[PDB]
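Chemist: Before I ask anything, here's the sequence and the deposited coordinates:
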Amino acid sequence: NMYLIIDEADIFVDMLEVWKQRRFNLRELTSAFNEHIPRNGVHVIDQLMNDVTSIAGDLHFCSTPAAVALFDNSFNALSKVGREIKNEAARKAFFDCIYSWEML
Amino acid sequence: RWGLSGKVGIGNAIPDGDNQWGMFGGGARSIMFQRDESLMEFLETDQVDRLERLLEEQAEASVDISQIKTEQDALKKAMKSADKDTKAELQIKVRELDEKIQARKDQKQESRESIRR
Amino acid sequence: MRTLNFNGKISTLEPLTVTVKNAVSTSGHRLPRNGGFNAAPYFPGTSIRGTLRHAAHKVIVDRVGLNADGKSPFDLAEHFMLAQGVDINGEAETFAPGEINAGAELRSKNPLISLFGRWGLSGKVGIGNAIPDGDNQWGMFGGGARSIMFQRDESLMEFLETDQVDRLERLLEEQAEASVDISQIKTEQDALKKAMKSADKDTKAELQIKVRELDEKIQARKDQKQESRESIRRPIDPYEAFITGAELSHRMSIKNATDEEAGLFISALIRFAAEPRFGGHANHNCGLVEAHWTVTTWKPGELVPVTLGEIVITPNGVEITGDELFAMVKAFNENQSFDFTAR
RNA sequence: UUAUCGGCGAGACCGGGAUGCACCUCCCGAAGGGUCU
DNA sequence: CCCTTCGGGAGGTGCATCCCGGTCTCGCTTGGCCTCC
DNA sequence: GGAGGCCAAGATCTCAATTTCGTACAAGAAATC
C-alpha cells in the first residue's frame, strides 16, 4: 500500500555504509552473560574495551590498520575467554556466537 | 671490554612456576610525631613550632597539589579523547603545569618534599 | 644425492637477538620484522647460516687435526673460504668456463664448500629463517644503566689513592658539565627536529645541516672532555629479542645432498649443539637454543616424503634418530678423501 | 568521419657468498598508624 | 581522614663485491628447380 | 609431359632514447537482529 520517497538518498547510502555494521558491544555481551560470567576474563574484555575507544576514537567506524588487527586480536582474546564459561550450554552458545562473528 | 668479547654470558633468571612475582615494599613514610608522641618531649618549643608550621604547610601544599592533580587527570581524560596533533598543545600545557608544580615545590622553604607520602 | 629438509622448531633457552643494519634504526636494536614495520619479527636465516657454517668449519678443522703447537694446516685464505667463502687471493672467477665441470670434483673433495658455497659455486645448504609460532613472543631485553662503581659501593673508595680520588672528582665534574652541555644542545636539537616535521622540502636540508652542526658541536664538547671520552653513567638502550621458550619454526634444505655432505652438516649441528649460541649478545647468555629437526627426504617423482629421522639438540645432549642419519654421519667420518687446502 | 578487411607473434629460472658483533648492576630514602565487650 | 619523592646519565667503529650477456622476422614477386596429377 | 609448391635472389636505407610518488572525515537518526 505504501510508497517510498527516500529524500536525500546521497546521505542515505553514505550512512548505509555505516549501517552495514553489527555492533558487537562487549558491554552488551558482558551484560548478556551475567550468570555464566567468567569474571576473571572481564579484564580482557575491559582491556579490549579500552583499545576500541583508542582506535575508534570519536568515530562509529574507523579504517586504521589497528581496527582490523584489534578485531582479530579481540576475538582471539575473547576465544581465550571462550574456554572460561562454566555452563557447557552457555559455553557453546558463546562459542557459536563468536564463531558466527568469526565467519561473518 | 669495549671491543673485547666477554667469554662469560650471564643469562636471565626465568621463574619455573606461574605466579612467584608480586608487589612488595609499598607502605608510606610517616610523620614521626603522629606515630610516637614521646619525640615531642625531646624537641624544643621553637622546634615544636617549626614542626607544626611544617605540618600545616605540608598539608596545604597537599590539598592544593591534589586539586591540581585532579584537574590534571580530567585533562588526561580529555587527552585520552583528544585528536591527533591537537593533544601536543595540551601536552605543552601539561609540561607547563609540571614546571609550575615543581616551582610550587621549590618555594616551600626547607620541606620542599611531602613528608607523609 | 638426495634432498634433505630439516623441518623443526627452535626453542629459546635464553633470549635470542640479532642486530641487522637495515632492521635497526635510530630507535635502537630491533629484530628484522618479516615484512613491514609492524610485521612479526623473525630471526635471520643469515645468522643461523653463519653460526652453522663456522661450526662446520671448526668441525673440518678438528677432523683434519691440529699440529703439536695446535695450529691448523689450512691457510688463512682457506679458513676464509671454508667459513665465509671469500677468496682473499682473488683467484675465484665467477663464470670461468673451465671450472664448469670442476665443480663436481671440488664438491666431492670439499664437502664443506659444497654444503656452504662460495662466490661462483652454489651452496647446497639453504638455511631458512626462524619464524616464531605464537604472537607476542618477542620483547625488549638488556635495558640497563652503567653506573659509577664508587657510588653504588663505597668500599671501593678505600682502594684509591688521594690522586685517584681527585681524578674521580675531576671525572665526575667533567661528566656533570658535559652532561649539562650536551643535554641543553640536544634539547634544542630535538625541538629543532620537532620543527623539521612541518618543513618546506627545501628547508628539510637546511634544518638537516643545522642538525649536523649541533651534532658536530656535541662531538666537540665530547672531544673537549679530558678525563673521559664517554660518560661513565648512562642508560643502555634495550635490544629486541625473542622471549625465553619462544618456539620458532625453522626450515633448512640440503639440495641433492650426498651422504658425506649431509654427514658433515649433521656434524656441524652436533658441534653447534656443544655451544648452542645463535645471534649475538654473548653477554647476558643470549642465543642459547634447544632445537629439534625432523629430517625428511623426497625422491623426485614421489608423491610423499620419507622421514629419515629426527635431530634433537637439547642442553642434555644431541639425540640422532633414524638409521639413515647415523649412516650419513658415519660416511662423513670415514671418508678420508677430502681436500680443503685447495679450493 | 573521404570508406569498407587485417590479433603481431612466438623462447628464455638471473643466480650464485657472507653470524654484525663486540661493554655496561639503575640504585639510592622511608614503620601507614589510631578507632570502637 | 592523610598523600603519591626528587636524578642521572644516554657510545665509541667497521665496512657497503666481484659479472655475465642483450636473438632470430617480416610483411614481395619471381623463376629455377623438385616433385605430383 | 604440364601444375603446383619450396626456396634464393633481387638496390641501398631510414631514425627519434620518459626516468616513480593518489587519498588523510564528519555524524545523521534508532524499539537493533
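Modeler: Okay, I see it. Numbers count the residues shown, from 1 in each chain, chains lettered A, B, ... in the order given.

Chemist: tell me which element the residue in chain B that RNA strand D sits nearest to falls in.
Modeler: With Cβ to the nearest atom of the strand, the shortest gap between chain B and RNA strand D falls at residue B:27, namely 2.3 Å. The way it works is simple: take the backbone N, C-alpha and C, and place the C-beta from them, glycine included. Here residue B:27 is covered by no helix or strand, with elements defined by DSSP states H and E.

Chemist: State the phi and psi torsions of it.
Modeler: phi 70, psi -160 (degrees, to the nearest 10).

Chemist: so residue 78 is in which element?
Modeler: The chain I'm using is chain A. Going by DSSP H and E, residue A:78 is in helix A:65-82.

Chemist: Can you look at chain B instead?
Modeler: Residue B:78 belongs to helix B:45-80, assigned by DSSP H and E.

Chemist: quick one: is that helix near DNA strand E?
Modeler: Yes - contact of helix B:45-80 with DNA strand E (Cβ under 7 Å from any atom of the strand) involves B:58, B:59, B:61, B:62, B:63, B:65, B:66, B:69.

Chemist: Residue nearest the middle of chain A, spatially speaking?
Modeler: Nearest to the geometric centre of chain A sits residue A:24, at 2.0 Å (Cα atoms, centre = their mean).

Chemist: How about the contacts made by that one?
Modeler: Going by Cβ atoms under 8 Å, 6 or more residues apart in numbering or on different chains, residue A:24 touches residue A:101.

Chemist: helix, strand or coil for it?
Modeler: Under DSSP: H, G, I helix; E, B strand; the rest coil, the three-state class of residue A:24 is coil.

Chemist: Count the neighbours of residue 93 for me.
Modeler: I went with chain A, as the question did not name one. Neighbour count for residue A:93, taken as other Cβ atoms under 10 Å in any protein chain shown: 15.

Chemist: Can you look at chain B instead?
Modeler: 14.

Chemist: Where does it sit, in terms of helix or strand?
Modeler: Going by DSSP H and E, residue B:93 is part of helix B:87-106.

Chemist: touching DNA strand F at all, that helix?
Modeler: No - Helix B:87-106 does not reach DNA strand F (Cβ under 7 Å from any atom of the strand); its nearest approach is 13.3 Å.

Chemist: And the contacts of that helix?
Modeler: Here helix B:87-106 makes contact (Cβ under 8 Å, 6+ apart) with B:61, B:64, B:65, B:68, B:72, B:75, B:78, B:79, B:82, B:112, B:113.

Chemist: Using ChimeraX, define a selection of the buried residues within those residues.
Modeler: The buried residues among those can be selected in ChimeraX (16 or more other Cβ atoms under 10 Å in any protein chain shown) with this line:
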select /B:61,75,79,82
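
Chemist: Just the closest of the contacts of helix B:87-106 to residue B:21, please.
Modeler: residue B:113 (30.1 Å; Cβ to Cβ).

Chemist: Quick check: closest non-adjacent residue to the closest one.
Modeler: In this structure, residue B:113 finds its nearest non-sequential neighbour in residue B:105, 7.5 Å apart by Cβ to Cβ, 6 or more residues apart in numbering or on different chains.

Chemist: ok, now residue A:42?
Modeler: Using Cβ to Cβ, 6+ apart, the closest residue to residue A:42 is residue A:30 (6.7 Å).

Chemist: check contacts around the one you found.
Modeler: Listed by Cβ under 8 Å, 6+ apart, the contact set of residue A:30 reads A:37, A:42, A:45.

Chemist: I'd like those residues laid out as TSV, including secondary structure.
Modeler: TSV is the format used below for the contacts of residue A:30 (three-state DSSP):
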residue	secondary structure
A:37	coil
A:42	helix
A:45	helix
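
Chemist: Please list only the buried members of those residues.
Modeler: Using 16+ other Cβ under 10 Å as the burial test, the contacts of residue A:30 include A:37, A:45 as buried.

Chemist: Just give me the closest of the contacts of residue A:30 to chain C.
Modeler: Within the contacts of residue A:30, proximity to chain C (Cβ to the nearest Cβ) peaks at residue A:45, which comes in at 18.4 Å.

Chemist: now the closest residue to the closest one other than its chain neighbours: how far from RNA strand D?
Modeler: Spatial nearest neighbour of residue A:45, excluding adjacent residues (Cβ to Cβ, 6+ apart): residue A:26 at 5.0 Å. Computed as Cβ to the nearest atom of the strand, to the nearest Å, the residue A:26 to RNA strand D distance reads 34 Å.

Chemist: Next one: residue A:26 relative to residue B:103, how far apart?
Modeler: 44 Å (Cβ to Cβ, to the nearest Å).

Chemist: ok, the two, which is more surrounded?
Modeler: Neighbour count, other Cβ under 10 Å: between residue A:26 and residue B:103, residue A:26 has more, with 17 against 10.

Chemist: Kindly provide the distance from the more buried one to DNA strand E.
Modeler: With Cβ to the nearest atom of the strand as the criterion, residue A:26 and DNA strand E are 29 Å apart.

Chemist: just how off-centre is stretch A:69-80 within its chain?
Modeler: Centroid separation between stretch A:69-80 and its chain, computed with Cα atoms, centre = their mean, to the nearest Å, is 10 Å.

Chemist: Could you do stretch B:34-53 as well?
Modeler: 25 Å.

Chemist: same thing with stretch B:93-101?
Modeler: 15 Å.

Chemist: Around chain C, which positions in chain B sit nearby?
Modeler: Proximity of chain B to chain C (Cβ under 8 Å from any Cβ of the partner chain) is limited to residues B:5, B:6, B:7, B:8, B:9, B:10, B:11, B:12, B:14.

Chemist: If we use 10 Å, what do you get?
Modeler: Contact residues (Cβ under 10 Å from any Cβ of the partner chain) of chain B with chain C: B:2, B:5, B:6, B:7, B:8, B:9, B:10, B:11, B:12, B:14, B:85, B:88.
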